[PDB]
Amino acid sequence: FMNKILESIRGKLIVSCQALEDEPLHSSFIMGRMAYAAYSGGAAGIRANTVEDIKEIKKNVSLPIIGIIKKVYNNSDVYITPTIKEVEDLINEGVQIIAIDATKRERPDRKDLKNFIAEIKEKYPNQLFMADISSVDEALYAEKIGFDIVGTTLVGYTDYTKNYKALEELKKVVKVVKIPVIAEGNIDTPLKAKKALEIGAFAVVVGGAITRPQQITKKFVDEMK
């Protein structure tokens, strides 16, 4: 039953449909239509942020959703579903996969990651949980403390992985981790997405290169000077 969720994304594309408050297309309505567009193009899952976006996305597609809640506390640089409070809001709405910052950095509620995951696995025993990590060490650790999925989402986004390449850290993760590794973070060309599967990713997440038109526009503009 949690197996059926992972077979439905095996070897397929997941499109991240996010637009925070600063961003041009910030609107639950638009993110719902972006999800529909990814579906019409052949995507097999959606990654989505906040409950209002997730709800609207559910009206447009019946694709599986990786759900997160980004909230920035002033204690911590851990902000992807960082505390127990975000987990419950997502459990209440219902998503196929809840993704959580699984780096070694200190959390806003100053709770160990080993306990935190033990508490939600005890509390929500049928819920698929995904680990957003930045290094191979953290990906193996996430595996042993009980995560169902890892993702290379935070590669290059921590001090201790500054300038790490997505694909380069992926082939290190994939060769030592046994649970599904989802390639995610700066997979911004179709060719990189092919290489990610050829490296051994279980699925590939693409965000801005599909759903942030201002960042696609800036690529065109900067090569026209």
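Each residue number is its position in the shown sequence, starting from 1.
- Two stretches are in play, 157 to 165 and 179 to 187, and the higher mean C-alpha B-factor belongs to 157 to 165.
- Higher mean CA temperature factor between 58 to 66 and 166 to 174: 166 to 174, per the PDB entry.
- Among the modelled residues of its chain, residue 218 has a C-alpha B-factor that falls in the lowest third according to the deposited record.
- The deposited CA B-factor of residue 130 belongs to the lowest third of values across its chain.
- Placement of the Cα temperature factor of residue 196 within the chain: middle third of the modelled residues, per the deposited record.
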